[PDB]
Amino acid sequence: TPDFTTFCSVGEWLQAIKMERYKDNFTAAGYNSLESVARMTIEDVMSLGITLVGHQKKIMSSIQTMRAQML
């Protein structure tokens, strides 16, 4: 099992999954910790204005693996 608890920031996590284009989206909505990111549902993701389905799925998938080890 990879360890998904080793990121030191939301920005570092996004970079690792090639999603760093949404960095400002996460920041602007006050997702400043990975703890808060790990609690997100699809609705939270949609609220960020992330609209490509492929991006929503990558992020949701990464959030899931994270939540399982983090929460």
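Numbering starts at 1 and follows the sequence shown.
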query	finding
Chain third (lowest, middle, highest) by recorded CA B-factor, residue given as residue 24	middle
Modelled-residue ranking by C-alpha temperature factor, third containing residue 6	middle
Chain third (lowest, middle, highest) by recorded CA B-factor, residue given as residue 56	lowest
Among modelled residues of the same chain, the CA temperature factor third for residue 44	lowest
